[PDB]
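Tertiary structure, described
What follows is the residue order along each chain.
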Amino acid sequence: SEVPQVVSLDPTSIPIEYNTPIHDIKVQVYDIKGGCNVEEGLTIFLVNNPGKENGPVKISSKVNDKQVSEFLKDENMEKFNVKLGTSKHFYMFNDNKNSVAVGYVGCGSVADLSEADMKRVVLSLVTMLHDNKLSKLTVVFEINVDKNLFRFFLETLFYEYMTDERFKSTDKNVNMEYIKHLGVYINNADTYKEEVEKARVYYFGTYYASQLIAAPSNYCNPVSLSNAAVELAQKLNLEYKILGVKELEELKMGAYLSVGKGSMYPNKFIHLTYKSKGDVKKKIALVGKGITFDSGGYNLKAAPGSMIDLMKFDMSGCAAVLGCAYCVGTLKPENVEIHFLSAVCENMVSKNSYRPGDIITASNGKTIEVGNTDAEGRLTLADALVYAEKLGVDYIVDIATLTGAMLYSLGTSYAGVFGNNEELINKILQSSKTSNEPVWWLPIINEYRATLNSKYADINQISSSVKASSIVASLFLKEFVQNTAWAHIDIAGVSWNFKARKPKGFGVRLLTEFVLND
Amino acid sequence: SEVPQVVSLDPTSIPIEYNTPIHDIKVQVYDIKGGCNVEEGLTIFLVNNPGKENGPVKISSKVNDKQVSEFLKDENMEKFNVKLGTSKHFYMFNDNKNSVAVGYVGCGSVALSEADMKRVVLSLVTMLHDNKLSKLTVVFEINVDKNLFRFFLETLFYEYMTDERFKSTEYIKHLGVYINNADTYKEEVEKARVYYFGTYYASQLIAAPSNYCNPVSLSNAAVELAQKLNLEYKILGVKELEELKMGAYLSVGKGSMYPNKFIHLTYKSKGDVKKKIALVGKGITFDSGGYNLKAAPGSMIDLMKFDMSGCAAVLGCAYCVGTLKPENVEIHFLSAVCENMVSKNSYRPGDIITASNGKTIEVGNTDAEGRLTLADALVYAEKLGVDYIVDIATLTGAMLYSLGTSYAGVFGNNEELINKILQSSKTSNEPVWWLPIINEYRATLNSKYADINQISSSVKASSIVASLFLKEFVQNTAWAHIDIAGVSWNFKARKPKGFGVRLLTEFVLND
Amino acid sequence: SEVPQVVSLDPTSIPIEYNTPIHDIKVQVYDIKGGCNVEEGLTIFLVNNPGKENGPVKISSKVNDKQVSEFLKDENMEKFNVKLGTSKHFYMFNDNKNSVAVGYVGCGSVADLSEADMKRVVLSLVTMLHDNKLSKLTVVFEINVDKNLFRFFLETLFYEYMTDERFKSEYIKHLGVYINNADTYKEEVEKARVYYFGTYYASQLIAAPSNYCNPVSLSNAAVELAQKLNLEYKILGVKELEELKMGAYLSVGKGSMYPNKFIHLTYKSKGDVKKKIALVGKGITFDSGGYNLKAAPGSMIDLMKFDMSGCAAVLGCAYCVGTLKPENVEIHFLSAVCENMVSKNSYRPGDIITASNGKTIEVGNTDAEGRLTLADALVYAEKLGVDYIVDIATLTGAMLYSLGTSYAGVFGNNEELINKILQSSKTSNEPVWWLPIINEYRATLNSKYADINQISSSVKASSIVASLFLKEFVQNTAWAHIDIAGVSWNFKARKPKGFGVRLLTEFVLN
Ligand SMILES: O=C(NO)[C@H](NC(=O)[C@H]1[C@H]2C[C@@H]3C[C@@H](C[C@H]1C3)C2)c1ccc(-c2cc(F)c(F)c(F)c2)cc1
Ligand SMILES: O=C(NO)[C@H](NC(=O)[C@H]1[C@H]2C[C@@H]3C[C@@H](C[C@H]1C3)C2)c1ccc(-c2cc(F)c(F)c(F)c2)cc1
Ligand SMILES: O=C(NO)[C@H](NC(=O)[C@H]1[C@H]2C[C@@H]3C[C@@H](C[C@H]1C3)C2)c1ccc(-c2cc(F)c(F)c(F)c2)cc1
Ligand SMILES: [Zn+2]
Ligand SMILES: [Zn+2]
Ligand SMILES: [Zn+2]
């Protein structure tokens, strides 16, 4: 519980925003068939033009205002085209003699927007909300989207609109006003109304994960992060337990404890639980890799391109799981019991650190020969998986920033899923589809398993010959799941949004949809 | 004050020689218009030959010994030339029928800059090595102004002196100089000897390895220097640094076994104080790189005891100024001393740390630690209420590629200050070149999360980016920044130069 | 003059656009007193807010349109801030029920913009231009600007607006500027349009890939340009170069399939010649590094079509000079053009070669080919009997570490000349900084076997060592050297800068 400091200026907790400006936006959804009122703030039309690439803008909604309708006639709109991401602002006086702002965002010629397409549309919208003080935004859907796409639109709008300023001091943004109101006009509005607060919930789970991830390693360390988890748990009425180093010792988690040996922060193992009232038909363990900083240890990340300064991101898995805990504990699904786990620690260089060559002992009794101290994540997951399976659960799913190789196999958009069970793997892919968080199935190639045979220990931690690191790491983890359906989601390549210089909070929505659809 | 040790064999202070053999040299300046008495020791003529390529050696000076006069005849010296750096030894018997020794050092054709003179002195010094002599006599047959004559002496003393503090397993006693208008030059002699020691003192600290020279022992050394000079002094410990909120500077020091010690000396003139100056020195006693470990080929980790050269320069200057006692000024000598190490307690890449002026900083690379310590030292300096702040630092390796090993670079926010630094470079004979603070690059220091980024992810002109970083930590005071990373260590001679002591003292005195 | 080909599909000329849509834009300058008219197209106000960082937009100019005035009233514009480069533009109906777009570009909180600042402002302007179909841009200056900064604005606007599409498989026709004391600025317009093209032309040669822009085709371009400007011209081939004994220059080109070509254009004033000037551009069409191959990571071998950026700057200046026709001057535009390649015929590390002035040189690294070609170009320049020799060259990577991508370095043996280059830098708004030639380093070029070393094996101040090497080939003439290795390529925008054209022209003109 008590956070150790080297000097008194050292942070003793992670600053966390719960009540964001997003939560104070009133959202009303109207059915477009009754005509739009254009009275104030900024009103934006989402417009496409099927078949005609960069075709003209034609506004098809009924607008309950003559002056605004006059302005929006197709003769006046013909000069503008629907090229995806394009936008324009208009200015005019409505019938009540009040100035209003109107505009549109282009959605292209394909009548079916992908997640990536919709993200580009939301990002254009957000540029319109920035550097303009508005009290209200109104969005008019003149494209077709299903309920899942509609929620994704909101989540993405909320997340991208919110600005993280916890660590600004003298350099706040002086003109950062937020709208207080969001209006939405859409066909068959009644069926979309329920997606609003779900979106609001999914947004905060993501944003919450994002806050933890972006929080630097001095602020976010194993004690302060496990402290953050308790506090979250206390707010959602989840059972929680935090296992300290001595409880970890009696459980014999030598693989996990070895990784943390060189840190000034004691290892902390997070265990949150949500249980439905009534009959529990499904028991699930979600495991998140929680390395608050990864220097590589004695295999120091010193090589060019190793990006040691990003390595605060190595607890993204853990963050996704705690954000999932927020969503699950908030939306309170039935017929399920979910354990939220994370073996939280820091991989450091010290006289106390574990060394390359060290043979260590996992809690299932297997000896492991460390080949590289920078493959610390799989060692922590090993003990966490053994703990997970001892809970007697139906599914074990881990999510982790595990291997750099993901950048070379799938890149920055798709996470890879590996697993020992096809039904479980298809359930993740379905959740991938409905969370709109992209995932691709990659194989566990058993032919490589023999390169993990250690001459002295039971098993090698790393291969000395296979370069398919993401696959080898999956093989190693499989060795610690005895007889349970298990899946592994590697998010090393997708966790961090390099272009925006911020986390994505990737996985929160994937994991929650997974829980809900079960 | 107490120096922590890991083993009982770890040193608890820096050995420092205050009274050097150079100090035991009696110096006499004579007018050459009165003739030379070549009787004892070794007598050397500094000869030129204006314009005439590698002209012959011509002895212009009058010599009060008939015998030597015969030897030094124009006929005898014609087979010798005046090539810059060349030398010959002469042996003879004088009018007294006593054995004497004579020779010359060639000074070339051009009637000499700093770099020229050095090669002259290194030739002289070679003659003083591997020959036991009780006195050296030097006859000028070249023309030097007063600043250049002092440079000759400073450089002679510095290169002659040999640092033996770390060895375990015959200096001359008199220096005679023959020069025209000798009376104008005499005043320069003890000024040179002071400048020599402030320089050699800076060299001692720098050359002292990091197990001898740590934040505690260096700051004890500063106190000991203050007490001997009767300077006022205050050493800030971790508790007061915490109270002063020096979060940037304390972050760098987190990983070390030696507590941070902030050095603050003050010289104040009696009478009316007209100019208040803060001199700030980078004082990293060892730079491992931290978690951005200096492990790349060419990063030269074994050199990094030198990373407190700025502090050395400032303390060296304190000796000079405390000795020469100028009027009308108050000088604050500052250095945020710490060690940058790898430890469970070290600061990490990515960390967000808060400076004493309230500014949050995203750390991009733990090896850019110099500018973090300077940030809080600069906030401190400006709070003193001064007119000028000059910092000097082994800040960026890029200096080697811009100016190389000869010229330091100065940056600043004030043209008048920069000119004064440049004018001081001229009279101190420590070359500096003015480099621009290019504001176009400032946008890359914008952090997504913190008030400011420590480093740029896209601009390769490191010296300028660092200068832009420091500028954020001076609000409304004339400031300049001397980057001595390239010029501080002499790779040829394998020793410090003590670069900047003379430069900063000339700046102080001239104001 | 005939371009050799490996296969029949290899290009044999560099495509050039001489007539550009910028040349068809009608530019009018109006005084701000009297009020602004807002009748069509896009009207942009350039606005700052002194002292108030990210402070609100305030429009002070009278606008002779009641609808647009309403839009520009204080209570509506303060919704926006003046943060440098920030923009907003809106479509509305004006008094005549005509659709006009009105907006602004934030010019920050500083009352006198720098060249980098103005560039950020223009980029924000061009974004709106590229994103709207427009017949007219009207720009209203509510910020302070001197004649040279006004011209620099137009120049940059034209350059950044222009899109180079030669290698791919609707611009405005009117530009209106409102500004106080409009009459003092009007003369800058056609000057800007000429400076723009010299820069754009230089841009075209640089961007042209090495299979397109080779020594033979680049010299052909220069002939074509000189013919269009009635400049005298002479292209030296290998036979003449051999007779002139240009051994350093020829050695660099040995490995290429393209023969060396030496460009020599000359402008002469109608009246008496009072000043003779030689401009010497480095012209390596492609630098593979030679046997010291650019294989090290970060050496950016795919960029090395830019290694003729100096020659390009020289030829753009020739366009400007031949067009504006300075008086009392004679100017020689020179470039020793070749290609540094790997082959059985290449020169080798360790080779000792003989420059045209008799100095033997020990090659230490074949990727230091630029100073080799410049040595013979400088000798050739001095044999002309000129008053100033000024060279411009992508010479040393180290410039990225000293000045970066914004400022070029200038080195020289003469302080009058350097202060002229410096002054030219100020009036052209092409930022340059004076760097020293440190003589203490000269000894590292003392070869054991040859007269001189091409490189130092010890000193790391490369841009200074190269300056020292080039100094050896200029005996008694005022000379300056502008290293543009760092500043020549706009990495952010993925295109050339045409850097140096305007700087060399201002030097020639003023
Ligand atoms: O340190 C790691 N996990 O704790 C992990 N290391 C690996 O994937 C490789 C490394 C370390 C090992 C030995 C061998 C195969 C495996 C294990 C090379 C890893 C994970 C992410 C990244 C990574 C690096 C980036 F630059 C980046 F932009 C990113 F998104 C991820 C790099 C290495
Ligand atoms: O450690 C330094 N300051 O505390 C400094 N480092 C840098 O300039 C690099 C480091 C820290 C930065 C981020 C990135 C680029 C820049 C700035 C790596 C630095 C200073 C001197 C030297 C240096 C190295 C030599 F081999 C040498 F001979 C010398 F004289 C100086 C190298 C790096
Ligand atoms: O090849 C060159 N000129 O023909 C030049 N080369 C060098 O400066 C190297 C060559 C020649 C020298 C000795 C040693 C180090 C230095 C100086 C190898 C040079 C010029 C531009 C660049 C360069 C590289 C970049 F990646 C880049 F973005 C840029 F703008 C310039 C790199 C090297
Ligand atoms: Zn790792
Ligand atoms: Zn460092
Ligand atoms: Zn080259």
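Residues numbered from 1 in each chain as written, not as in the entry; some residues may be left out. Chains lettered and ligands numbered in written order. Part of a larger assembly, values for the part shown. Heavy atoms only, no water. Residues with missing side-chain atoms left out of burial classes, pairs and counts.

Quick word on the interface of chain B and chain A
For an interface, size is often stated in terms of accessible area lost upon the parts coming together. Every contact between the two is made by 30 residues of chain B and, on the other side, 35 residues of chain A. At the level of secondary structure, the elements contributing two or more residues to the side of chain B that touches chain A comprise α7 (247-253) and β12 (360-362) of chain B. (Contact = heavy atoms within 4.5 Å. Helix = DSSP H or I, 4+ residues; strand = E, 2+ residues; numbered from the N terminus.)

A word on the coordination of the zinc ion (ligand 5)
Residue and element names in this part refer to chain B. Looking at the zinc ion (ligand 5), the protein donor atoms are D287 (OD), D367 (O), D367 (OD) and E369 (OE), and they sit 1.9 to 2.4 Å from it. In this structure, the zinc ion (ligand 5) is surrounded by six donor atoms whose angles at the metal cover 73 to 166°, and the resulting shape is octahedral. Expressed as a motif, the donor residue spacing for the zinc ion (ligand 5) is D-x79-D-x1-E. One end of the pair, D287, is in strand β9 (residues 275-287); the other, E369, is in the loop between β12 and α9 (370-383), with 82 residues separating them in the sequence. Taken as a pair, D287 and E369 share a single burial class, namely buried. (Donors = N, O, S within 2.8 Å, 3.2 Å for Na, K, Ca; no water. Tetrahedral: all angles 85-135°; square planar, octahedral: opposite > 155°, others 65-115°. Buried < 20%, exposed > 50% of the residue type's maximum accessible area, 1.4 Å probe, protein only.)

Side note on the UniProt feature "binding site: Zn(2+)" (unreviewed entry) in chain C
Residues and elements named next belong to chain C. Under the present numbering, the feature "binding site: Zn(2+)" (unreviewed entry) in UniProt falls on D287, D367 and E369. Taking the farthest pair of C-alpha atoms as the criterion, the annotated set spanning 83 residues converges on one region, since that pair is 8.3 Å apart. Along the chain, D287 falls in strand β10 (residues 283-287). Residue contacts for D287: discarding those within four places in its chain leaves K294, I301, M304, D307, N340, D367 and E369. Within the structure, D287 has its side chain in polar contact with the backbone nitrogen of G289 (distance 3.2 Å). Structurally, the position occupied by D367 is in the loop between β13 (360-362) and α11 (370-382). Given a relative accessible area of 25%, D367 falls into the partly exposed group. Once residues within four sequence positions are removed from consideration, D367 is found in contact with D287, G289, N292, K294 and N340. (UniProt positions renumbered as here; feature names shortened; annotations may be inferred. Polar contact = N/O pair within 3.5 Å; in protein donor to acceptor, adjacent residues only side chain to side chain.)

Things to note about the packing of aromatic side chains
The tally for this structure, following the rule as stated, stands at 71 aromatic pairs over all chains. Here the aromatic rings of C:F197 and C:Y201 are separated by 6.0 Å at their centres, their planes lie at 35°, and the arrangement is tilted. A residue pair is termed a helical-turn pair when its members lie 3 or 4 positions apart in one helix, as C:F197 and C:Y201 do in helix α6 (residues 188-207) at four residues. Accessibility assignment for this pair places C:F197 and C:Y201 in one class, buried. Each member of the aromatic cluster is reached from another via a ring pair, and the members are B:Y18, B:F157, B:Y158, B:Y196, B:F197, B:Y200, B:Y201 and B:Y319. The positively charged end of B:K228 is found above the aromatic ring belonging to B:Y18, 5.5 Å away from the centroid. A cation sits over an aromatic face here: B:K359 above B:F473, 5.3 Å from the ring centre. (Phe/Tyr/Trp six-rings, centres within 6.5 Å; stacked < 30°, edge-to-face > 60°. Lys NZ or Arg CZ within 6 Å of the ring centre and 35° of its normal.)

What about the site of ligand 1?
Residues and elements named next belong to chain A. Looking at ligand 1, there are 20 residues lining it, with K289, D374, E376, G404 and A492 nearest. At 2.8 Å from an oxygen atom of ligand 1 is found a side-chain nitrogen or oxygen belonging to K289. Burial of ligand 1 by the protein chains amounts to 81% of its free accessible area of 650 Å². The class makeup of the residues in the shell around ligand 1 is eight nonpolar, five polar and seven charged. (Near = heavy atom within 4 Å. Areas by Shrake-Rupley, 256 points an atom, 1.4 Å probe, with all protein chains shown as cover. Nonpolar A, V, L, I, M, F, W, Y, C, P; charged D, E, K, R; others polar.)

A word on helix α10 (residues 309-324) of chain C
Residues and elements named next belong to chain C. Over its 16 residues, α10 runs 22 Å from end to end, which matches the ideal 22 Å to within 8%, given 1.5 Å per residue. Buried residues dominate α10, accounting for 14 of its 16 residues. Just downstream of α10, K325 is the residue with a positive phi angle, here 55°. (Expected span 1.5 Å × (residues − 1).)

A short note on the site of ligand 3
Residues and elements named next belong to chain C. In the vicinity of ligand 3 lie 21 residues, with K282, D367, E369, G397 and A485 positioned nearest. A distance of 2.8 Å is found between an oxygen atom of ligand 3 and a side-chain nitrogen or oxygen belonging to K282. At a separation of 3.1 Å, an oxygen atom of ligand 3 approaches a polar side-chain atom of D287. Protein coverage of the free-state accessible area of ligand 3, which is 640 Å², stands at 81%. A breakdown of the residues in the shell around ligand 3 according to their chemical character gives nine nonpolar, six polar and six charged.

Concerning the pattern of salt bridges
Residues and elements named next belong to chain A. Using the criterion set out here, one finds 60 salt bridges over all chains in the structure. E160 serves as the salt-bridge partner of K119, at 3.0 Å between the closest nitrogen and oxygen. One end of the pair, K119, is in helix α3 (residues 115-129); the other, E160, is in helix α4 (residues 147-161), with 41 residues separating them in the sequence. Using a relative accessible area of 27% as the deciding quantity, one classes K119 as partly exposed. Take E160: its relative accessible area is 13%, and that puts it in the buried class. (Salt bridge = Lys/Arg side-chain N within 4 Å of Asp/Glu carboxyl O.)

Description of the coordination of the zinc ion (ligand 4)
All names here are of chain A. Of the protein atoms, only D294 (OD), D374 (O), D374 (OD) and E376 (OE) coordinate the zinc ion (ligand 4), at distances of 2.0 to 2.2 Å. For the zinc ion (ligand 4), the six donor atoms in the first shell make angles of 77 to 165° at the metal, a pattern classed as octahedral. Linear spacing of the donor residues for the zinc ion (ligand 4) on their chain is D-x79-D-x1-E. Within this pair, whereas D294 is found in strand β10 (residues 290-294), its partner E376 is found in helix α10 (residues 376-390), the two being separated by 82 residues in sequence. Of the two residues, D294 and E376, neither departs from the other in class, the shared state being buried.

Examining the side chain of C:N49
Here C:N49 shows up in the loop between β2 (42-47) and α1 (66-72). Contacts of C:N49, omitting those with residues within four sequence positions, involve C:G55, C:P56, C:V82, C:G108 and C:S109.

Description of the domain arrangement of chain A
All names here are of chain A. Partitioning chain A into structural domains gives domain 1 (19-216) and domain 2 (217-518). A separation of 36 Å is found between the C-alpha centroids of domain 1 and domain 2. Every contact between the two is made by 23 residues of domain 1 and, on the other side, 33 residues of domain 2. Counting residues per element, the ones that place at least two in the side of domain 1 that touches domain 2 are α4 and α5 (195-214). (Domains from an automatic or database assignment.)

Points about the environment of B:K359
Tracing the backbone through its elements, the reader meets B:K359 in the loop between β11 (352-354) and β12. Sequence spacing of B:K359 and B:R442 is 83 residues, and the spatial spacing of their C-alpha atoms is 16 Å. Apart from the residues within four sequence positions on either side, B:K359 is in contact with A:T170, B:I353, B:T354, B:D451, B:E472, B:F473 and B:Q475. Among the polar contacts made by the side chain of B:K359, one reaches the main-chain carbonyl oxygen of B:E472 at a distance of 2.3 Å.

Focus: the interface of chain A and chain C
Between chain A and chain C, the residue contacts involve 17 residues of the former and 18 residues of the latter. Carbon and sulfur atoms make up 55% of the area that chain A and chain C hide from each other, which totals about 1600 Å². Among the residues of chain A in contact with chain C, A:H89, A:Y91 and A:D131 are the three that bury the most area, contributing 39% of the side total. At the junction of chain A and chain C, the tally comes to zero salt bridges. At the junction of chain A with chain C, the criterion picks out nine residue pairs in polar contact. Those elements that provide at least two residues to the side of chain A that touches chain C are β3 (87-93) and α3 of chain A. For the side of chain A that touches chain C, the element with the most residues is β3(A), which contributes five residues. Residues of the side of chain A that touches chain C, tallied by class, amount to eight nonpolar, five polar and four charged. By the bridge criterion, two bridges tie β3(A) to strand β3 (residues 87-93) of chain C in an arrangement that is parallel. When the bridges of β3(C) are listed, A:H89 appears paired with C:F90. (Buried area = accessible area lost by both parts, 1.4 Å probe. Pairing = 2+ DSSP bridges.)

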